[PDB]
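Report on the structure given below.
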Amino acid sequence: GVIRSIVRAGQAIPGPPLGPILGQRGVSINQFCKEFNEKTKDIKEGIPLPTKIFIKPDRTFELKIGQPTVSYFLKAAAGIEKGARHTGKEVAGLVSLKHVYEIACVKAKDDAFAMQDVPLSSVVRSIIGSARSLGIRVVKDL
Amino acid sequence: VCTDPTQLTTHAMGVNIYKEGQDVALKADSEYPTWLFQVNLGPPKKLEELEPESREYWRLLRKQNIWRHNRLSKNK
Amino acid sequence: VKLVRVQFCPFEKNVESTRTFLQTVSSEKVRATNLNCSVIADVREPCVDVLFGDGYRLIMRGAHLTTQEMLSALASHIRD
Amino acid sequence: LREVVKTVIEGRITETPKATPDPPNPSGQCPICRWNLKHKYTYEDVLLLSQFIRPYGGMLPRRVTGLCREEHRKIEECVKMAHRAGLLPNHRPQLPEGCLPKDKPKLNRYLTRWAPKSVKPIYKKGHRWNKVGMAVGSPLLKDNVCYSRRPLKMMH
Amino acid sequence: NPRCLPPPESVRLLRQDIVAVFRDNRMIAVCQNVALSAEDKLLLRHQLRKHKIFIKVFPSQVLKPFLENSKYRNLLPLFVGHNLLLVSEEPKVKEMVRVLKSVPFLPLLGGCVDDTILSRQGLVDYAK
RNA sequence: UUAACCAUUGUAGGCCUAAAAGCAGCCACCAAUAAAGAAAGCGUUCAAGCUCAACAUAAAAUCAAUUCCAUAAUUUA
Ligand code: FES
């Protein structure tokens with residue numbers, strides 16, 4: 001069973017959100033964090049990362065990870081930790097063209113996240129759509 | 001981290017914020033291919049904006065077709 | 001089912017029933033369910049051979065058989 | 001028509017009955033209209049009914065027959081009336097494994113719209129203007145040609 | 001009654017997408033899809049890129065009309081059912097063959113070398 | 001349109017929410033893929049995960065005719 005989580009690499013044992021949820025299906029929690037910790041060393045600590053762990057009936061771990069979230073990074077780029085109540089029209093940060101594009105190039109490196117598209121228009125829409133989800137307006141230039 | 005608008009717009013501070021990746025400077029706009037800055041920066045392509053003969057037109061129209069059924073499904 | 005063998009000739013006239021039934025046999029979920037089965041696909045009238053350890057050999061031809069019967073026949077056979 | 005012979009099983013497509021050539025009413029989209037039988041058959045015409053019925057009395061699918069829904073309901077109703085009337089001795093139900101008839105007397109019936117099993121008795125007939133009506137025939141067969149001076153009385 | 005009476009392209013773009021790819025690729029190796037996921041199909045496309053082949057696919061219900069409005073009208077037997085389309089413009093028989101080796105369970109119907117109906121075994125024999 | 005099958009990835013997207021990821025609230029409402037609803041009923045410590053919609057569509061079935069109290073009956077113009 002594929003379980004999707006966004007836990008930050010810095011904390012390999014968040015507790016309730018991962019420990020018991022995976023344990024309910026029946027797994028070794030300590031084993032999960034160690035393999036997750038292996039990703040943590042390779043990746044920057046303290047940044048949310050999407051995971052694609054598969055919990056098989058055999059009580060084995062198949063941990064698959066990708067590039068860190070653009071959504072939280074956009075929040076960090078906009079200097080926003082906690083956004084506005086709605087964020088549909090509330091905006092606290094503006095992102096120009098260049099910042100939008102540097103990150104899109106980096107994004108096009110992982111198998112997951114459908115980052116094999118030849119056109120970069122695929123990448124912009126996700127981050128633009130992600131920005132719309134956040135309390136951020138992607139203005140052309142400020 | 002960077003806290004200068006000039007450095008923000010003249011140096012790639014957001015491209016990498018890891019420890020192994022050091023903030024790299026921005027090359028000139030001409031130093032990158034034209035398609036990099038020609039990507040769609042406007043709002044999501046609407047049925048009018050989408051070309052009737054574009055795959056996104058039908059795919060988004062298919063998404064719209066799901067929306068109407070979903071609206072019906074929610075009421076049930 | 002220890003082994004499942006499906007044979008059909010695309011170059012000659014190929015019956016749809018066997019091919020449609022073949023896709024179900026060559027399915028990731030189906031293969032996992034009957035993990036014991038060894039999936040072998042023969043491509044060159046069509047003949048499908050299914051072998052059981054108990055000695056029951058079940059061979060299916062789709063020329064005059066609908067896919068529904070083939071799936072039903074195997075499904076009961078697999079349960080044993 | 002495919003028949004399965006049976007472990008290894010073999011299915012052979014066998015000869016299927018062919019419609020007689022020269023339909024009386026060519027240009028008929030539905031087989032019943034092709035033969036000008038739209039409103040001139042009844043449950044008593046078992047010969048026609050048997051063609052559309054399973055060997056044990058089950059209904060054949062409309063798609064295979066290809067006839068229109070209006071006749072399908074009429075034909076299905078006619079077969080039900082004939083079956084309930086014991087007019088289809090060769091299409092009697094298949095006994096599950098080795099069962100035998102209940103051996104109780106079977107009442108002779110015809111023009112039976114509904115199963116006799118599921119019809120409750122009518123204790124109170126009613127007075128002059130409260131008389132209860134007895135259903136005879138089926139509404140599906142209303143359009144059938146009538147040779148009487150006045151339209152047939154469905155309610156008896 | 002109407003049933004008794006005497007007898008009395010929406011998808012349009014998807015032509016262009018399929019028309020472009022097939023016209024480019026003379027021989028199409030046809031293998032039935034094993035209920036594969038979208039992400040895997042992209043991965044297999046890169047796997048074919050190792051083989052210099054492309055998994056360019058679209059709803060197969062429009063694949064049957066492709067022959068109706070395209071360069072050829074006689075490849076319908078090739079595209080029978082829901083199947084992965086291996087479209088190759090070069091006669092690299094070995095590259096096509098090892099595509100089959102990548103997934104044993106998945107069946108390869110064959111390759112229409114020069115847009116001529118053929119089987120997998122025939123494809124290899126003729127391609128040789 | 002709706003009868004039969006199938007269901008990937010971005011992103012657990014931001015929001016007081018411990019956490020709410022389509023599915024507590026709350027947002028605006030896009031992308032990739034052949035085909036995916038920033039979600040429709042389910043499931044909800046929260047999610048995974050069930051289906052409905054995605055791609056495929058099957059194949060069905062504009063209203064009727066205190067104690068009963070003649071007996072009955074659908075076709076000869
Ligand atoms: S008799 Fe013509 S529609 Fe059936």
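Simple scheme: letters A, B, ... for chains in structure tokens order, numbers from 1 for residues in each chain, numbers from 1 for ligands in the order shown.
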
Which chain D residues have any atom within 7 Å of an atom of ligand 1, and for each, what is the nearest pair of atoms with distance in Å to one decimal, counting only C-alpha atoms and all ligand atoms, rows sorted by chain and number, as a Markdown table?
```
| residue | atom | partner | partner_atom_place_in_ligand_line | distance |
| --- | --- | --- | --- | --- |
| D:28 | CA | ligand 1 | 2 (Fe) | 5.9 |
| D:29 | CA | ligand 1 | 2 (Fe) | 6.1 |
| D:30 | CA | ligand 1 | 4 (Fe) | 4.2 |
| D:31 | CA | ligand 1 | 1 (S) | 6.0 |
| D:32 | CA | ligand 1 | 1 (S) | 3.7 |
| D:33 | CA | ligand 1 | 1 (S) | 2.9 |
| D:34 | CA | ligand 1 | 2 (Fe) | 6.4 |
| D:36 | CA | ligand 1 | 1 (S) | 6.8 |
| D:37 | CA | ligand 1 | 1 (S) | 6.3 |
| D:38 | CA | ligand 1 | 1 (S) | 4.6 |
| D:67 | CA | ligand 1 | 4 (Fe) | 5.5 |
| D:68 | CA | ligand 1 | 4 (Fe) | 4.7 |
| D:70 | CA | ligand 1 | 4 (Fe) | 6.8 |
| D:71 | CA | ligand 1 | 4 (Fe) | 5.6 |
```

Would you write out those residues with C-alpha atoms, as a compact mmCIF listing (two decimals), in the first residue's frame?
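To be explicit, this is the file written out as again.txt:
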```txt
# COMPACT_ATOMS: atom_id res chain seq x y z
CA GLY D 28 -39.30 -4.59 -41.69
CA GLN D 29 -36.63 -3.56 -39.20
CA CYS D 30 -38.00 -5.96 -36.52
CA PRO D 31 -38.49 -9.68 -37.28
CA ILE D 32 -42.09 -9.61 -36.04
CA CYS D 33 -43.03 -6.75 -38.37
CA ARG D 34 -41.17 -8.43 -41.24
CA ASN D 36 -46.78 -8.86 -40.43
CA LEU D 37 -47.30 -10.38 -36.97
CA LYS D 38 -47.41 -7.13 -34.99
CA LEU D 67 -36.88 -7.76 -32.08
CA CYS D 68 -38.26 -4.50 -30.73
CA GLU D 70 -42.74 -3.77 -27.62
CA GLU D 71 -42.88 -7.29 -29.05
```

Which parts of chain C does DSSP call alpha helix (DSSP H) when run on the backbone here, written out as a compact mmCIF listing (two decimals) with N, CA and C atoms, in the first residue's frame?
```txt
# COMPACT_ATOMS: atom_id res chain seq x y z
N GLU C 16 -10.15 -12.60 -31.28
CA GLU C 16 -10.12 -11.61 -30.22
C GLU C 16 -10.29 -12.25 -28.84
N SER C 17 -11.12 -13.30 -28.75
CA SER C 17 -11.44 -13.87 -27.45
C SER C 17 -10.19 -14.32 -26.71
N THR C 18 -9.30 -15.05 -27.39
CA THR C 18 -8.09 -15.53 -26.74
C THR C 18 -7.19 -14.37 -26.32
N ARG C 19 -7.06 -13.35 -27.18
CA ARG C 19 -6.20 -12.22 -26.85
C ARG C 19 -6.74 -11.44 -25.66
N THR C 20 -8.05 -11.19 -25.64
CA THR C 20 -8.65 -10.49 -24.50
C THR C 20 -8.49 -11.30 -23.22
N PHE C 21 -8.71 -12.61 -23.30
CA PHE C 21 -8.47 -13.47 -22.15
C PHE C 21 -7.00 -13.47 -21.77
N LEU C 22 -6.11 -13.42 -22.77
CA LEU C 22 -4.68 -13.43 -22.50
C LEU C 22 -4.27 -12.23 -21.66
N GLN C 23 -4.83 -11.05 -21.97
CA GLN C 23 -4.45 -9.85 -21.23
C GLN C 23 -4.75 -10.00 -19.74
N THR C 24 -5.90 -10.59 -19.41
CA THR C 24 -6.21 -10.83 -18.00
C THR C 24 -5.20 -11.77 -17.36
N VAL C 25 -4.82 -12.83 -18.08
CA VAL C 25 -3.81 -13.75 -17.56
C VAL C 25 -2.49 -13.03 -17.35
N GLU C 28 -0.62 -7.84 -13.90
CA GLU C 28 0.22 -7.80 -12.70
C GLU C 28 -0.56 -8.27 -11.48
N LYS C 29 -1.78 -7.76 -11.30
CA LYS C 29 -2.60 -8.19 -10.17
C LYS C 29 -2.94 -9.67 -10.27
N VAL C 30 -3.32 -10.14 -11.46
CA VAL C 30 -3.66 -11.54 -11.63
C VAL C 30 -2.45 -12.42 -11.37
N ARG C 31 -1.29 -12.03 -11.89
CA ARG C 31 -0.08 -12.83 -11.70
C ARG C 31 0.27 -12.95 -10.22
N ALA C 32 0.14 -11.85 -9.47
CA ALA C 32 0.41 -11.90 -8.04
C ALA C 32 -0.56 -12.83 -7.33
N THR C 33 -1.84 -12.79 -7.71
CA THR C 33 -2.83 -13.63 -7.05
C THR C 33 -2.49 -15.11 -7.22
N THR C 67 -14.69 -14.89 -24.13
CA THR C 67 -13.76 -14.63 -23.04
C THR C 67 -14.40 -14.87 -21.68
N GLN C 68 -15.71 -14.63 -21.56
CA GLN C 68 -16.37 -14.80 -20.27
C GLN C 68 -16.28 -16.24 -19.79
N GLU C 69 -16.51 -17.20 -20.69
CA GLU C 69 -16.42 -18.61 -20.30
C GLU C 69 -15.01 -18.97 -19.87
N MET C 70 -14.00 -18.48 -20.59
CA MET C 70 -12.62 -18.80 -20.26
C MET C 70 -12.25 -18.27 -18.88
N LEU C 71 -12.62 -17.01 -18.59
CA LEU C 71 -12.34 -16.45 -17.28
C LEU C 71 -13.08 -17.22 -16.19
N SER C 72 -14.35 -17.54 -16.43
CA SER C 72 -15.12 -18.29 -15.44
C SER C 72 -14.54 -19.68 -15.23
N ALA C 73 -14.16 -20.36 -16.31
CA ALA C 73 -13.63 -21.71 -16.19
C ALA C 73 -12.34 -21.73 -15.38
N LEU C 74 -11.41 -20.82 -15.69
CA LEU C 74 -10.17 -20.75 -14.93
C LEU C 74 -10.43 -20.34 -13.49
N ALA C 75 -11.31 -19.35 -13.28
CA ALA C 75 -11.54 -18.85 -11.93
C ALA C 75 -11.96 -19.97 -10.99
N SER C 76 -12.91 -20.80 -11.42
CA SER C 76 -13.30 -21.96 -10.62
C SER C 76 -12.14 -22.94 -10.48
N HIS C 77 -11.40 -23.17 -11.57
CA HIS C 77 -10.29 -24.12 -11.53
C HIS C 77 -9.20 -23.65 -10.57
N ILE C 78 -8.88 -22.36 -10.59
CA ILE C 78 -7.83 -21.84 -9.71
C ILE C 78 -8.20 -22.07 -8.25
N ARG C 79 -9.47 -21.85 -7.90
CA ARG C 79 -9.89 -22.05 -6.52
C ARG C 79 -9.68 -23.49 -6.08
```

- Any idea what's packed within 8 Å of segment 25-31 of chain F, counting only C-alpha atoms (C1' of nucleotides), ignoring anything in its chain fewer than 5 positions away? Could you give it as an MDAnalysis selection string? (chainID A and resid 85:89 122:123 125:126 128:130 132:133) or (chainID B and resid 44) or (chainID F and resid 10 14:15 17 38)

With N, CA and C atoms (P, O5', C5', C4', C3', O3' and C1' of nucleotides) kept, could you save the residues just selected as a PDB file, in the first residue's frame?
```pdb
ATOM      1  N   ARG A  85      -5.582  33.058   6.049  1.00  0.00           N
ATOM      2  CA  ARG A  85      -6.660  32.114   6.332  1.00  0.00           C
ATOM      3  C   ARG A  85      -7.177  31.465   5.054  1.00  0.00           C
ATOM      4  N   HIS A  86      -7.411  32.267   4.016  1.00  0.00           N
ATOM      5  CA  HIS A  86      -7.959  31.775   2.757  1.00  0.00           C
ATOM      6  C   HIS A  86      -6.878  31.492   1.722  1.00  0.00           C
ATOM      7  N   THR A  87      -6.026  32.474   1.433  1.00  0.00           N
ATOM      8  CA  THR A  87      -4.954  32.409   0.443  1.00  0.00           C
ATOM      9  C   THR A  87      -5.475  32.408  -0.988  1.00  0.00           C
ATOM     10  N   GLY A  88      -6.793  32.385  -1.200  1.00  0.00           N
ATOM     11  CA  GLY A  88      -7.311  32.504  -2.552  1.00  0.00           C
ATOM     12  C   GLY A  88      -7.016  33.863  -3.156  1.00  0.00           C
ATOM     13  N   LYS A  89      -7.226  34.928  -2.380  1.00  0.00           N
ATOM     14  CA  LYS A  89      -6.845  36.276  -2.773  1.00  0.00           C
ATOM     15  C   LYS A  89      -5.809  36.902  -1.855  1.00  0.00           C
ATOM     16  N   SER A 122       5.004  22.342 -18.512  1.00  0.00           N
ATOM     17  CA  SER A 122       4.444  21.450 -17.504  1.00  0.00           C
ATOM     18  C   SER A 122       4.898  21.852 -16.107  1.00  0.00           C
ATOM     19  N   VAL A 123       6.174  22.211 -15.962  1.00  0.00           N
ATOM     20  CA  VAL A 123       6.715  22.536 -14.647  1.00  0.00           C
ATOM     21  C   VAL A 123       6.095  23.819 -14.109  1.00  0.00           C
ATOM     22  N   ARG A 125       3.218  25.275 -14.566  1.00  0.00           N
ATOM     23  CA  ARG A 125       1.827  25.209 -14.133  1.00  0.00           C
ATOM     24  C   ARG A 125       1.711  24.629 -12.730  1.00  0.00           C
ATOM     25  N   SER A 126       2.483  23.584 -12.430  1.00  0.00           N
ATOM     26  CA  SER A 126       2.438  22.994 -11.096  1.00  0.00           C
ATOM     27  C   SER A 126       2.889  23.997 -10.041  1.00  0.00           C
ATOM     28  N   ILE A 128       3.135  27.316 -10.505  1.00  0.00           N
ATOM     29  CA  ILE A 128       2.169  28.412 -10.560  1.00  0.00           C
ATOM     30  C   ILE A 128       0.890  28.012  -9.838  1.00  0.00           C
ATOM     31  N   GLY A 129       0.389  26.808 -10.122  1.00  0.00           N
ATOM     32  CA  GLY A 129      -0.769  26.316  -9.397  1.00  0.00           C
ATOM     33  C   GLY A 129      -0.490  26.154  -7.916  1.00  0.00           C
ATOM     34  N   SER A 130       0.704  25.660  -7.576  1.00  0.00           N
ATOM     35  CA  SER A 130       1.093  25.578  -6.174  1.00  0.00           C
ATOM     36  C   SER A 130       1.133  26.963  -5.541  1.00  0.00           C
ATOM     37  N   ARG A 132      -0.635  29.532  -6.418  1.00  0.00           N
ATOM     38  CA  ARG A 132      -2.026  29.923  -6.214  1.00  0.00           C
ATOM     39  C   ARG A 132      -2.605  29.246  -4.978  1.00  0.00           C
ATOM     40  N   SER A 133      -2.236  27.986  -4.740  1.00  0.00           N
ATOM     41  CA  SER A 133      -2.666  27.312  -3.519  1.00  0.00           C
ATOM     42  C   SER A 133      -2.141  28.036  -2.287  1.00  0.00           C
TER      43      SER A 133
ATOM     44  N   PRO B  44      -4.009  30.093 -15.973  1.00  0.00           N
ATOM     45  CA  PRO B  44      -4.214  28.802 -16.640  1.00  0.00           C
ATOM     46  C   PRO B  44      -5.038  28.957 -17.910  1.00  0.00           C
TER      47      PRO B  44
ATOM     48  P     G F  10       4.399  11.790  -6.220  1.00  0.00           P
ATOM     49  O5'   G F  10       4.325  13.350  -5.898  1.00  0.00           O
ATOM     50  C5'   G F  10       3.298  14.158  -6.453  1.00  0.00           C
ATOM     51  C4'   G F  10       3.811  15.021  -7.578  1.00  0.00           C
ATOM     52  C3'   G F  10       4.095  16.483  -7.231  1.00  0.00           C
ATOM     53  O3'   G F  10       5.419  16.681  -6.766  1.00  0.00           O
ATOM     54  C1'   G F  10       2.673  16.378  -9.122  1.00  0.00           C
ATOM     55  P     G F  14       2.062  23.048   2.061  1.00  0.00           P
ATOM     56  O5'   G F  14       0.807  23.780   2.714  1.00  0.00           O
ATOM     57  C5'   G F  14       0.970  24.819   3.669  1.00  0.00           C
ATOM     58  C4'   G F  14       0.425  26.124   3.146  1.00  0.00           C
ATOM     59  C3'   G F  14      -0.618  26.808   4.020  1.00  0.00           C
ATOM     60  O3'   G F  14      -0.037  27.585   5.058  1.00  0.00           O
ATOM     61  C1'   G F  14      -1.403  26.705   1.792  1.00  0.00           C
ATOM     62  P     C F  15      -0.388  27.298   6.603  1.00  0.00           P
ATOM     63  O5'   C F  15      -1.383  28.476   7.007  1.00  0.00           O
ATOM     64  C5'   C F  15      -2.302  28.995   6.059  1.00  0.00           C
ATOM     65  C4'   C F  15      -3.688  29.152   6.627  1.00  0.00           C
ATOM     66  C3'   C F  15      -3.945  28.453   7.961  1.00  0.00           C
ATOM     67  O3'   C F  15      -3.719  29.317   9.062  1.00  0.00           O
ATOM     68  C1'   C F  15      -5.531  27.718   6.355  1.00  0.00           C
ATOM     69  P     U F  17      -3.980  25.064  15.311  1.00  0.00           P
ATOM     70  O5'   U F  17      -5.258  24.398  15.990  1.00  0.00           O
ATOM     71  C5'   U F  17      -6.542  24.462  15.386  1.00  0.00           C
ATOM     72  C4'   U F  17      -6.762  23.354  14.383  1.00  0.00           C
ATOM     73  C3'   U F  17      -5.816  22.167  14.457  1.00  0.00           C
ATOM     74  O3'   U F  17      -6.174  21.258  15.484  1.00  0.00           O
ATOM     75  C1'   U F  17      -6.229  22.785  12.182  1.00  0.00           C
ATOM     76  P     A F  38      -8.334  18.941 -10.843  1.00  0.00           P
ATOM     77  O5'   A F  38      -8.232  20.457 -10.368  1.00  0.00           O
ATOM     78  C5'   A F  38      -8.948  20.909  -9.224  1.00  0.00           C
ATOM     79  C4'   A F  38      -8.705  20.023  -8.027  1.00  0.00           C
ATOM     80  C3'   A F  38      -9.113  20.630  -6.689  1.00  0.00           C
ATOM     81  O3'   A F  38      -9.600  19.622  -5.806  1.00  0.00           O
ATOM     82  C1'   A F  38      -6.792  20.181  -6.673  1.00  0.00           C
TER      83        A F  38
END
```

- Query: Could you name the residues that touch residue 110 of chain A at 8 Å or less, counting only C-alpha atoms (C1' of nucleotides), but leaving out those on the same chain fewer than 6 positions away, as an NGL selection string?
  - Reply: :A and (66-67 or 116)

- Would you list which chain C residues are within 6 Å of chain D using only C-alpha atoms, as a ChimeraX atom specification? /C:56-59,64

Restricting it to N, CA, C and O atoms, dump the selection as a tab-separated table (two decimals), in the first residue's frame.
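The new file part18.tsv reads:
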```tsv
chain	number	residue	atom	x	y	z
C	56	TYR	N	-4.24	-32.03	-13.66
C	56	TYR	CA	-5.28	-31.50	-14.53
C	56	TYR	C	-4.66	-30.53	-15.52
C	56	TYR	O	-4.07	-29.51	-15.13
C	57	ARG	N	-4.79	-30.83	-16.81
C	57	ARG	CA	-4.34	-29.94	-17.88
C	57	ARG	C	-5.58	-29.30	-18.50
C	57	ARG	O	-6.48	-30.00	-18.96
C	58	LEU	N	-5.61	-27.97	-18.49
C	58	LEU	CA	-6.74	-27.20	-19.00
C	58	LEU	C	-6.26	-26.38	-20.19
C	58	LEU	O	-5.48	-25.43	-20.03
C	59	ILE	N	-6.72	-26.75	-21.39
C	59	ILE	CA	-6.34	-26.07	-22.62
C	59	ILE	C	-7.58	-25.39	-23.18
C	59	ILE	O	-8.64	-26.02	-23.32
C	64	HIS	N	-14.03	-20.50	-30.77
C	64	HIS	CA	-15.46	-20.69	-30.58
C	64	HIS	C	-15.87	-20.50	-29.13
C	64	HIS	O	-16.97	-20.92	-28.74
```

Any chance you could tabulate, as CSV, the residues of chain B at most 6 Å from chain F with each one's nearest atom pair and distance in Å to one decimal, using only C-alpha atoms (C1' of nucleotides), in chain and rising number order?
```
residue,atom,partner,partner_atom,distance
B:66,CA,F:37,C1',5.5
B:67,CA,F:37,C1',5.9
B:70,CA,F:40,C1',4.6
B:73,CA,F:40,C1',4.7
B:74,CA,F:40,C1',5.2
```

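Note that DSSP on the backbone gives strand (DSSP E) to these residues of chain E: residues 27, 28, 29, 30, 31, 32, 83, 84, 85, 86, 87, 88, 108, 109, 110 and 111 of chain E.
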
Now that the selection is made, can you save its residues with C-alpha atoms as a short mmCIF file (atom, residue, chain, number, x, y, z; two decimals), in the first residue's frame?
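The resulting file, out07.cif, is shown below:
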```
data_model
loop_
_atom_site.label_atom_id
_atom_site.label_comp_id
_atom_site.auth_asym_id
_atom_site.auth_seq_id
_atom_site.Cartn_x
_atom_site.Cartn_y
_atom_site.Cartn_z
CA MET E 27 7.47 -0.29 -38.69
CA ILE E 28 5.32 -0.44 -35.55
CA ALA E 29 5.96 -3.21 -33.02
CA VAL E 30 2.62 -3.89 -31.31
CA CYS E 31 2.59 -5.27 -27.76
CA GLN E 32 -0.48 -5.52 -25.55
CA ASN E 83 -2.05 -2.26 -26.64
CA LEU E 84 1.22 -0.41 -26.16
CA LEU E 85 2.44 1.14 -29.42
CA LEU E 86 6.17 0.76 -30.11
CA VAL E 87 6.75 3.15 -33.02
CA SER E 88 10.22 2.87 -34.59
CA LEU E 108 4.54 -8.57 -28.32
CA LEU E 109 2.08 -9.16 -31.15
CA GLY E 110 4.55 -8.26 -33.87
CA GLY E 111 5.92 -5.53 -36.07
#
```

Select from chain B every residue with an atom at most 8 Å from any atom of chain A, then for each give the shortest pair of atoms and their distance in Å to one decimal, using only C-alpha atoms, rows by chain and rising number, as CSV.
```
residue,atom,partner,partner_atom,distance
B:9,CA,A:98,CA,7.5
B:12,CA,A:102,CA,7.2
B:14,CA,A:99,CA,6.6
B:15,CA,A:103,CA,5.0
B:16,CA,A:103,CA,8.0
B:17,CA,A:44,CA,7.9
B:18,CA,A:44,CA,5.0
B:19,CA,A:44,CA,6.6
B:36,CA,A:101,CA,7.0
B:37,CA,A:97,CA,7.4
B:39,CA,A:121,CA,5.4
B:40,CA,A:121,CA,6.0
B:41,CA,A:124,CA,7.5
B:44,CA,A:125,CA,7.5
```

Those residues with N, CA, C and O atoms, as a JSON list (two decimals), in the first residue's frame please?
```
[["chain", "number", "residue", "atom", "x", "y", "z"],
["B", 9, "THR", "N", 17.49, 39.32, -7.15],
["B", 9, "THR", "CA", 17.21, 39.39, -8.57],
["B", 9, "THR", "C", 18.44, 39.20, -9.44],
["B", 9, "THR", "O", 18.31, 39.08, -10.66],
["B", 12, "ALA", "N", 21.19, 33.48, -7.92],
["B", 12, "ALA", "CA", 20.26, 32.36, -7.78],
["B", 12, "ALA", "C", 20.30, 31.86, -6.34],
["B", 12, "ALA", "O", 21.01, 30.92, -5.98],
["B", 14, "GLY", "N", 17.38, 30.92, -4.63],
["B", 14, "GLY", "CA", 16.38, 29.89, -4.46],
["B", 14, "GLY", "C", 16.62, 28.62, -5.22],
["B", 14, "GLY", "O", 15.95, 27.62, -4.96],
["B", 15, "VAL", "N", 17.57, 28.62, -6.16],
["B", 15, "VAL", "CA", 17.84, 27.41, -6.94],
["B", 15, "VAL", "C", 18.30, 26.28, -6.03],
["B", 15, "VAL", "O", 17.90, 25.12, -6.21],
["B", 16, "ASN", "N", 19.13, 26.60, -5.05],
["B", 16, "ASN", "CA", 19.63, 25.60, -4.10],
["B", 16, "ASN", "C", 19.74, 26.24, -2.72],
["B", 16, "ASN", "O", 20.32, 27.32, -2.58],
["B", 17, "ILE", "N", 19.18, 25.57, -1.72],
["B", 17, "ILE", "CA", 19.23, 26.06, -0.34],
["B", 17, "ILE", "C", 19.71, 24.92, 0.56],
["B", 17, "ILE", "O", 19.43, 24.91, 1.76],
["B", 18, "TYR", "N", 20.44, 23.97, -0.02],
["B", 18, "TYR", "CA", 20.99, 22.86, 0.75],
["B", 18, "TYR", "C", 22.35, 23.27, 1.31],
["B", 18, "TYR", "O", 22.75, 24.44, 1.26],
["B", 19, "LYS", "N", 23.09, 22.31, 1.86],
["B", 19, "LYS", "CA", 24.46, 22.54, 2.28],
["B", 19, "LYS", "C", 25.46, 22.20, 1.18],
["B", 19, "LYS", "O", 26.44, 22.92, 0.98],
["B", 36, "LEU", "N", 13.26, 29.10, -22.05],
["B", 36, "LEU", "CA", 13.24, 29.16, -20.60],
["B", 36, "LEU", "C", 12.33, 30.28, -20.11],
["B", 36, "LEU", "O", 11.52, 30.09, -19.20],
["B", 37, "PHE", "N", 12.46, 31.47, -20.70],
["B", 37, "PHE", "CA", 11.65, 32.62, -20.32],
["B", 37, "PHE", "C", 10.40, 32.79, -21.18],
["B", 37, "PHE", "O", 9.61, 33.70, -20.91],
["B", 39, "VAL", "N", 8.15, 30.39, -21.38],
["B", 39, "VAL", "CA", 7.15, 29.49, -20.82],
["B", 39, "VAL", "C", 5.92, 30.29, -20.38],
["B", 39, "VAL", "O", 5.99, 31.49, -20.10],
["B", 40, "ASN", "N", 4.78, 29.60, -20.32],
["B", 40, "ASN", "CA", 3.51, 30.24, -20.01],
["B", 40, "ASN", "C", 3.56, 30.82, -18.60],
["B", 40, "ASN", "O", 3.59, 30.08, -17.61],
["B", 41, "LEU", "N", 3.57, 32.15, -18.50],
["B", 41, "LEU", "CA", 3.55, 32.85, -17.23],
["B", 41, "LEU", "C", 2.17, 33.40, -16.87],
["B", 41, "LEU", "O", 2.01, 33.92, -15.76],
["B", 44, "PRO", "N", -4.01, 30.09, -15.97],
["B", 44, "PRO", "CA", -4.21, 28.80, -16.64],
["B", 44, "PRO", "C", -5.04, 28.96, -17.91],
["B", 44, "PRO", "O", -6.01, 29.71, -17.95]]
```

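Residue-level contacts from chain F to chain D at 10 Å, counting only C-alpha atoms (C1' of nucleotides), read residues 59, 60, 61, 64, 65, 68, 69, 72, 73, 74, 75, 76 and 77 of chain F.
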
- Task: Would you kindly return, as a ChimeraX atom specification, each protein, DNA or RNA residue with an atom no farther than 10 Å from any atom of residue 56 of chain A, considering only C-alpha atoms (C1' of nucleotides) and excluding same-chain residues fewer than 3 positions away?
- Result: /A:1-2,25-27,53,59-62

Can you spit out the residues from that selection as a PDB file, in the first residue's frame, using C-alpha atoms?
```
ATOM      1  CA  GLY A   1       0.000   0.000   0.000  1.00  0.00           C
ATOM      2  CA  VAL A   2       1.455   3.305  -1.161  1.00  0.00           C
ATOM      3  CA  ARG A  25      -0.466  -1.895   9.076  1.00  0.00           C
ATOM      4  CA  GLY A  26       2.396  -3.594  10.931  1.00  0.00           C
ATOM      5  CA  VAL A  27       6.025  -2.581  10.374  1.00  0.00           C
ATOM      6  CA  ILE A  53       6.599   4.367   0.843  1.00  0.00           C
ATOM      7  CA  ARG A  59       6.321  -6.209   6.284  1.00  0.00           C
ATOM      8  CA  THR A  60       9.013  -4.730   4.027  1.00  0.00           C
ATOM      9  CA  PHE A  61       9.906  -1.120   3.228  1.00  0.00           C
ATOM     10  CA  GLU A  62      10.101   0.329  -0.301  1.00  0.00           C
TER      11      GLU A  62
END
```

- Using only C-alpha atoms, find the residues of chain E whose closest atom to chain D is at most 8 Å away, then write them as a PyMOL selection string. chain E and resi 3-7

- Task: Could you tell me which of B:53, B:63, B:69, B:20 comes closest to chain E if we count only C-alpha atoms?
- Result: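 Nearest candidate to chain E out of B:53, B:63, B:69, B:20: B:53.
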
- Message: Tell me as a PyMOL selection string which residues belonging to chain E come within 12 Å of chain B, counting only C-alpha atoms.
- Response: chain E and resi 10-18+58-59

- Atomic distance atom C1' of residue 49 of chain F - atom CA of residue 20 of chain A, expressed in Å with one decimal: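 Atom CA of residue 20 of chain A lies 15.8 Å from atom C1' of residue 49 of chain F.
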